[PDB]
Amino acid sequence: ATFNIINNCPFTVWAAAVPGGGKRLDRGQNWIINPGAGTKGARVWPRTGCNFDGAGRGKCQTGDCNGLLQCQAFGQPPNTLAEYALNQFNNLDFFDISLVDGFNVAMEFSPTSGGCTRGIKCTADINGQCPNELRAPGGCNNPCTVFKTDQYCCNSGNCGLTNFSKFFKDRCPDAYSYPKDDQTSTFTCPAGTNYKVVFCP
């Protein structure tokens, strides 16, 4: 599996991936990663508002991963997430866009190879429309992050759509809006598919 991570936003985005690291992308720049077979628990995300020194150490306003350009850890919300697990189940990759850790930048997460043709987008103006309760510098947090209750965070295994997850779900129906939003947010492709993650598609 190859992932082509493309910045189509009219501002610099510091792509991040675990596994993969990170890369500063001006508009139109891309970054190709090649996660190992069977990678799981993986993410790709955009970061905005970054200032890094020449060693790649500093801070991002959104999606910061322990202050590194080359991420080895997940990012600080809010950050729009491309999540994937290669060869997760019955020879299928399972992939999704998640807003469970908020939204910073619009995203497409789609297969590029001919064996899979259905992908995922989240392109609404979530930052502009974000509930004031959820706003954070550079983005729009999920209520689980903000309020940290079972109702939003699903630790008990029960939860559902809430007013604040519905904000996201109405706008990006194909993305996870809350942890257990599986039924309408789980995408699959045959193992061996290649993908793209596009910021501001």
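Heads up: residue numbers just count along the shown sequence, starting at 1.
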Ranked by mean Cα B-factor in the entry, 148 to 156 and 47 to 55, top stretch is 148 to 156
Stretch with higher mean Cα temperature factor, 92 to 100 vs 121 to 129, is 121 to 129
Most elevated Cα B-factor in the entry, residues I32, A42, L69, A175 = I32
Position of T193 among the chain's modelled residues by C-alpha B-factor, lowest, middle or highest third = middle
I5's Cα B-factor: lowest, middle or highest third of the chain?
-> lowest
Would you please rank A136 by its C-alpha temperature factor against the other modelled residues of its chain and give the third it falls in: lowest, middle or highest?
-> highest
Looking at the entry's B-factor column for C-alpha atoms only, identify whether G38 ranks in the lowest, middle or highest third of its chain.
-> highest
Check where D64 lands among this chain's C-alpha B-factors and tell me if it's the lowest, middle or highest third.
-> lowest
